[PDB]
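Undergrad: Attaching a single structure in C-alpha cells format; questions to follow.
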Amino acid sequence: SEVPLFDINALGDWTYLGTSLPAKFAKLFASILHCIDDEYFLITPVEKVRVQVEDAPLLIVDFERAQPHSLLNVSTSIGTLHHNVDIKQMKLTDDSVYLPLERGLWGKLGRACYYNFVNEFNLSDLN
Ligand code: NA
C-alpha cells in the first residue's frame, strides 16, 4: 500500500495528509488528476501519486448547453469546468447519476441540480 495521501470524499471535498484543501487547491490538483484502470492518480513528469476517491472525483453543481440541443458544459463544486459532456453516456447507480468527463473522470450530479438535469433532457440527446 502506497496509502494515498490525497482523499476525495463522497461530496467531492479534498484532503491532503488529512487536512482540508481549499477549493482552488483542489482545482489545481484536479488539473493533473486521472482515473486509469479504476484507480486515481495525480500525474506529473517527476511525481505520480495515488488519490483515494470515495464515490466520484468531482461533484457537478451546474450545467448548460452551449446551443439548443448541444452537448453540455458542466462545472463542479471545486470550480472546474468541462466541455462536450454527453447526456447519452450517463451512468446510473441506485443512488446517483454520473456524467463522463476527461481523463477517465466521472462527475456525480449534485442533489441541487438533479431535477434541472431531468428537465433538460431532449429526445435528440439519444441520437
Ligand atoms: Na426536457
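For the C-alpha cells, the naming scheme is as follows: chains receive sequential letters (A, B, ...) according to their order of presentation, residues are indexed from 1 within each chain, and ligands are indexed from 1 in presentation order.
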Apply DSSP to the backbone of this structure and, from chain A, keep only the residues in strand (DSSP E); write these as a ChimeraX atom specification.

TA: /A:6-8,14-16,19-20,33-36,39-43,48-53,58-65,72-76,81-85,91-92,97-100,106-109

Undergrad: Near segment 67-84 of chain A, within 7 Å and counting only C-alpha atoms, which residues show up once chain neighbours fewer than 3 positions away are dropped, as a list in words?

TA: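 The residues that qualify are residues 23, 24, 26, 27, 58, 59, 60, 61, 62, 63, 64, 101, 122 and 124 of chain A.
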
Undergrad: Neighbours of ligand 1 within 12 Å, counting only C-alpha atoms and all ligand atoms, as a PyMOL selection string?

TA: chain A and resi 68-69+87+115-125

Undergrad: I'd like to know which residues of chain A are alpha helix (DSSP H) (by DSSP, run on the backbone); could you write them as a PyMOL selection string?

TA: chain A and resi 23-30+114-120

Undergrad: Using only C-alpha atoms, please write the residues we just selected to a file, as a PDB file, in the first residue's frame.

TA:
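Result file part.pdb:
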ATOM      1  CA  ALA A  23     -11.331  24.709  -3.477  1.00  0.00           C
ATOM      2  CA  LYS A  24      -8.640  26.485  -5.520  1.00  0.00           C
ATOM      3  CA  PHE A  25      -6.055  23.953  -4.346  1.00  0.00           C
ATOM      4  CA  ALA A  26      -8.383  21.075  -5.163  1.00  0.00           C
ATOM      5  CA  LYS A  27      -8.836  22.703  -8.621  1.00  0.00           C
ATOM      6  CA  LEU A  28      -5.026  22.926  -9.076  1.00  0.00           C
ATOM      7  CA  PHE A  29      -4.590  19.242  -8.279  1.00  0.00           C
ATOM      8  CA  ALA A  30      -7.696  18.252 -10.328  1.00  0.00           C
ATOM      9  CA  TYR A 114     -30.784  16.836 -10.287  1.00  0.00           C
ATOM     10  CA  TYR A 115     -34.297  17.941 -11.132  1.00  0.00           C
ATOM     11  CA  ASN A 116     -32.983  20.587 -13.504  1.00  0.00           C
ATOM     12  CA  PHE A 117     -30.953  17.843 -15.261  1.00  0.00           C
ATOM     13  CA  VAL A 118     -34.040  15.653 -15.672  1.00  0.00           C
ATOM     14  CA  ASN A 119     -35.900  18.677 -17.095  1.00  0.00           C
ATOM     15  CA  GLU A 120     -33.007  19.342 -19.520  1.00  0.00           C
TER      16      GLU A 120
END

Undergrad: Taking into account only C-alpha atoms, which residue in the set A:90, A:99, A:46, A:33 is nearest to residue 8 of chain A?

TA: A:33

Undergrad: Out of A:107, A:57, A:34, A:6, which residue has the shortest atom-to-atom distance to residue 21 of chain A when counting only C-alpha atoms?

TA: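 Of A:107, A:57, A:34, A:6, the one nearest residue 21 of chain A is A:6, counting only C-alpha atoms.
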
Undergrad: Have a look at A:20, A:1, A:93, A:9 and name the one nearest to residue 49 of chain A; count only C-alpha atoms.

TA: A:1

Undergrad: Restricting the calculation to only C-alpha atoms, which member of A:126, A:66, A:53, A:105 is positioned closest to residue 14 of chain A?

TA: A:53

Undergrad: Please identify all polymer residues within 10 Å of residue 39 of chain A, counting only C-alpha atoms, omitting same-chain residues fewer than 6 positions from it, and present them as a JSON list (two decimals) with N, CA and C atoms, in the first residue's frame.

TA:
[["chain", "number", "residue", "atom", "x", "y", "z"],
["A", 50, "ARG", "N", -0.96, 8.50, -5.83],
["A", 50, "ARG", "CA", -2.31, 8.00, -5.74],
["A", 50, "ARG", "C", -3.25, 8.96, -5.02],
["A", 51, "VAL", "N", -4.51, 8.90, -5.42],
["A", 51, "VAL", "CA", -5.62, 9.62, -4.77],
["A", 51, "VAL", "C", -6.69, 8.60, -4.45],
["A", 52, "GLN", "N", -7.21, 8.63, -3.21],
["A", 52, "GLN", "CA", -8.35, 7.78, -2.82],
["A", 52, "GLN", "C", -9.64, 8.57, -3.07],
["A", 53, "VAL", "N", -10.62, 7.93, -3.69],
["A", 53, "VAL", "CA", -11.86, 8.58, -4.09],
["A", 53, "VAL", "C", -13.02, 7.74, -3.54],
["A", 104, "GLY", "N", -10.63, 10.00, -17.79],
["A", 104, "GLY", "CA", -11.25, 8.87, -17.10],
["A", 104, "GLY", "C", -12.11, 9.28, -15.92]]

Undergrad: Please measure the separation of atom CA of residue 127 of chain A and atom CA of residue 36 of chain A, giving the value in Å to one decimal.

TA: 28.5 Å

Undergrad: Considering only C-alpha atoms, state which residue in the set A:45, A:16, A:35, A:11 is at the smallest distance from residue 102 of chain A.

TA: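 Closest to residue 102 of chain A of all the choices is A:35.
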
Undergrad: What does the distance between atom CA of residue 7 of chain A and atom CA of residue 85 of chain A come to in Å, to one decimal place?

TA: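 That distance, rounded to one decimal, is 25.0 Å.
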
Undergrad: Atom CA of residue 103 of chain A and atom CA of residue 37 of chain A are how many Å apart?

TA: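 Spanning atom CA of residue 103 of chain A to atom CA of residue 37 of chain A is a straight-line distance of 11.2 Å.
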